[PDB]
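Next up, final_31.tsv (TSV, C-alpha atoms and all ligand atoms):
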chain	number	residue	atom	x	y	z
A	1	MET	CA	-12.00	15.05	-1.14
A	2	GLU	CA	-10.13	14.05	2.06
A	3	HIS	CA	-7.23	16.42	2.62
A	4	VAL	CA	-4.11	14.43	3.48
A	5	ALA	CA	-0.84	14.73	1.56
A	6	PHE	CA	1.13	11.74	0.37
A	7	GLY	CA	4.19	11.38	2.63
A	8	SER	CA	2.83	13.44	5.55
A	9	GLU	CA	4.78	12.85	8.77
A	10	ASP	CA	1.62	12.04	10.81
A	11	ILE	CA	-0.30	10.15	8.10
A	12	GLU	CA	-0.87	7.07	10.30
A	13	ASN	CA	-2.68	9.21	12.93
A	14	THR	CA	-4.86	10.82	10.25
A	15	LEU	CA	-5.85	7.54	8.60
A	16	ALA	CA	-6.58	5.76	11.91
A	17	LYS	CA	-9.98	7.59	11.92
A	18	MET	CA	-10.91	6.43	8.42
A	19	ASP	CA	-13.50	3.83	7.46
A	20	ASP	CA	-13.18	2.16	4.02
A	21	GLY	CA	-15.43	4.91	2.59
A	22	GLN	CA	-13.18	7.80	3.69
A	23	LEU	CA	-10.07	5.96	2.48
A	24	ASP	CA	-11.73	6.11	-0.98
A	25	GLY	CA	-11.61	9.89	-0.88
A	26	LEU	CA	-7.78	10.02	-0.74
A	27	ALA	CA	-5.76	11.59	-3.56
A	28	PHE	CA	-3.43	8.55	-3.62
A	29	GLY	CA	-3.56	4.79	-3.41
A	30	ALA	CA	-3.73	3.24	0.03
A	31	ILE	CA	-3.54	-0.42	0.97
A	32	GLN	CA	-3.61	-1.75	4.52
A	33	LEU	CA	-1.85	-5.09	5.10
A	34	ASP	CA	-1.53	-7.29	8.14
A	35	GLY	CA	1.87	-8.66	9.20
A	36	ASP	CA	1.57	-11.53	6.75
A	37	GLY	CA	0.85	-9.34	3.73
A	38	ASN	CA	-2.91	-9.99	3.63
A	39	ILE	CA	-4.99	-7.08	2.29
A	40	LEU	CA	-7.34	-5.53	4.87
A	41	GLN	CA	-8.21	-2.30	3.04
A	42	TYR	CA	-7.67	-1.22	-0.57
A	43	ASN	CA	-8.94	2.15	-1.77
A	44	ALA	CA	-10.48	3.41	-4.99
A	45	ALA	CA	-7.43	5.49	-6.03
A	46	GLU	CA	-5.30	2.32	-5.87
A	47	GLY	CA	-7.81	0.51	-8.08
A	48	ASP	CA	-7.66	3.37	-10.57
A	49	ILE	CA	-3.89	3.06	-10.81
A	50	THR	CA	-3.71	-0.72	-11.02
A	51	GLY	CA	-6.96	-1.93	-12.53
A	52	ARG	CA	-7.75	-4.19	-9.58
A	53	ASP	CA	-11.28	-4.13	-8.18
A	54	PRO	CA	-10.98	-3.11	-4.46
A	55	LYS	CA	-13.64	-5.45	-3.04
A	56	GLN	CA	-12.17	-8.40	-4.90
A	57	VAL	CA	-8.64	-8.15	-3.56
A	58	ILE	CA	-9.47	-7.75	0.12
A	59	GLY	CA	-8.47	-10.94	1.91
A	60	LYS	CA	-5.91	-11.91	-0.75
A	61	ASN	CA	-2.19	-12.01	-0.01
A	62	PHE	CA	-0.51	-8.99	-1.63
A	63	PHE	CA	2.91	-10.60	-2.15
A	64	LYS	CA	1.85	-14.06	-3.19
A	65	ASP	CA	-1.42	-13.53	-5.07
A	66	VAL	CA	-1.96	-9.96	-6.17
A	67	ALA	CA	1.46	-8.41	-6.70
A	68	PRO	CA	4.11	-11.01	-7.54
A	69	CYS	CA	6.29	-8.28	-9.06
A	70	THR	CA	6.74	-6.93	-5.49
A	71	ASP	CA	7.99	-10.31	-4.19
A	72	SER	CA	11.65	-9.28	-4.19
A	73	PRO	CA	14.23	-8.00	-1.71
A	74	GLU	CA	13.44	-4.43	-2.86
A	75	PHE	CA	9.80	-4.38	-1.84
A	76	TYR	CA	8.66	-7.51	0.05
A	77	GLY	CA	12.12	-7.77	1.65
A	78	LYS	CA	11.75	-4.27	3.13
A	79	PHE	CA	8.23	-5.05	4.30
A	80	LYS	CA	9.23	-8.26	6.08
A	81	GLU	CA	12.27	-6.57	7.71
A	82	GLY	CA	9.91	-3.88	9.02
A	83	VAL	CA	7.25	-6.26	10.35
A	84	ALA	CA	9.87	-8.30	12.23
A	85	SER	CA	11.42	-5.16	13.70
A	86	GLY	CA	8.09	-3.57	14.67
A	87	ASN	CA	8.98	-0.37	12.79
A	88	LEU	CA	8.70	0.62	9.11
A	89	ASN	CA	8.90	3.93	7.26
A	90	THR	CA	10.38	3.88	3.77
A	91	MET	CA	9.72	5.55	0.44
A	92	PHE	CA	11.01	4.39	-2.97
A	93	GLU	CA	10.07	4.30	-6.66
A	94	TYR	CA	8.95	0.99	-8.19
A	95	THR	CA	7.45	-0.35	-11.40
A	96	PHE	CA	4.19	-2.32	-11.29
A	97	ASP	CA	4.04	-4.62	-14.29
A	98	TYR	CA	2.01	-7.74	-13.59
A	99	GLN	CA	-0.95	-8.20	-15.97
A	100	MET	CA	-0.92	-4.47	-16.64
A	101	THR	CA	0.89	-1.79	-18.61
A	102	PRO	CA	4.22	-1.17	-16.79
A	103	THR	CA	3.48	1.77	-14.49
A	104	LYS	CA	6.11	3.75	-12.54
A	105	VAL	CA	4.98	4.71	-8.99
A	106	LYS	CA	6.30	6.17	-5.75
A	107	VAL	CA	5.62	3.85	-2.81
A	108	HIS	CA	5.55	4.81	0.85
A	109	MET	CA	5.36	1.94	3.39
A	110	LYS	CA	4.61	2.81	7.00
A	111	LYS	CA	3.59	0.94	10.12
A	112	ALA	CA	0.02	1.81	11.11
A	113	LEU	CA	-0.89	3.25	14.53
A	114	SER	CA	-2.76	-0.06	15.09
A	115	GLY	CA	-0.86	-3.13	16.29
A	116	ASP	CA	-0.24	-5.58	13.46
A	117	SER	CA	-1.04	-3.48	10.41
A	118	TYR	CA	1.03	-1.66	7.80
A	119	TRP	CA	0.20	0.85	5.15
A	120	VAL	CA	1.34	0.90	1.51
A	121	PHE	CA	0.68	4.27	-0.16
A	122	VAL	CA	1.10	4.71	-3.89
A	123	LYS	CA	1.09	7.62	-6.34
A	124	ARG	CA	2.00	8.02	-9.99
A	125	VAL	CA	5.38	9.55	-10.91
B	1	LIG	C1	3.41	-6.30	-9.45
B	1	LIG	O1	3.15	-7.51	-9.53
B	1	LIG	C2	2.48	-5.28	-8.85
B	1	LIG	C3	1.21	-5.55	-8.80
B	1	LIG	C4	0.27	-4.65	-8.09
B	1	LIG	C5	0.68	-3.50	-7.41
B	1	LIG	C6	-0.22	-2.76	-6.67
B	1	LIG	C7	-1.54	-3.15	-6.60
B	1	LIG	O2	-2.33	-2.49	-5.91
B	1	LIG	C8	-1.98	-4.27	-7.27
B	1	LIG	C9	-1.07	-5.02	-8.01

Do you think you could lay out the structure here as structure tokens?
Amino acid sequence: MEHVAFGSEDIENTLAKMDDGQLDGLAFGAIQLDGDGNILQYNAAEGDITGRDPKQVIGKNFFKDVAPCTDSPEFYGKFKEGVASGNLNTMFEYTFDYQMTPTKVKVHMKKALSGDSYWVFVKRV
């Protein structure tokens, strides 16, 4: 297993070195989005939590296609405020309930070290 703790202060530096295969060794869900919300990376732990097949969601828009329950001021609204500002670091609890059993999770959104990319980390609560 890859040893990185959910919510670590330097998580973006640690994950910058990770290929899709190493991202799959994380103890929590990790999704990398571009500024428009398109999925660039989606790890195995995230698929375990949500039921989505990782390879199938890459390239889809997270807010429009995959996760409509997140299209709200409380999730997507925070993401879009962060992209526009060029800075994002927020953690909050949320319930995923689209085409799945309602599941309570802790979400951490953070701007990646890379230019136009943002991370969404997820763990069960
Ligand atoms: C609500 O529509 C949430 C859906 C969802 C959350 C996280 C995922 O990775 C996939 C779908």

| request: May I ask you to write as number ranges by chain all residues lying at most 10 Å from ligand LIG 1 (chain B), with all atoms listed in the file counted? | output: A: 29-31, 39, 42-43, 45-54, 57, 62-71, 94-100, 102-103, 105, 107, 120-122

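Atom to atom, atom CA of residue A:114 and atom CA of residue A:72 stand 25.8 Å apart.
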
Residues of stretch 59-112 of chain A that have any atom at most 10 Å from an atom of stretch 11-15 of chain A: could you tabulate them with the shortest-distance atom pair and the distance in Å to one decimal, using all atoms listed in the file, ordered by chain and increasing number, as a tab-separated table?
residue	atom	partner	partner_atom	distance
A:110	CA	A:12	CA	7.7
A:111	CA	A:12	CA	7.6
A:112	CA	A:12	CA	5.4

| query | What is the distance, in Å and to one decimal place, between atom CA of residue A:9 and atom CA of residue A:104? | reply | 23.2 Å

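With atom CA of residue A:44 on one side and atom CA of residue A:117 on the other, the separation reads 19.3 Å.
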
| request: Do a neighbour search on residue A:82 at 12 Å with only C-alpha atoms, toss out local chain neighbours closer than 2 positions, and write the hits as a PyMOL selection string. | output: chain A and resi 34-37+75-80+84-90+109-112+116-119

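The shortest atom-to-atom distance to residue A:16, with all atoms listed in the file taken into account, belongs to A:113 out of A:74, A:93, A:113, A:124.
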
Hey, can I get the axis-aligned box for stretch 106-113 of chain A? All listed atoms, 3 Å padding on each side, centre and edge lengths in Å to one decimal, as lines of an AutoDock Vina configuration file.
center_x = 2.7
center_y = 3.6
center_z = 4.4
size_x = 13.2
size_y = 11.2
size_z = 26.3

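Using all atoms listed in the file, the shortest contact distance between residue A:108 and any of A:91, A:40, A:1, A:58 is found at A:91.
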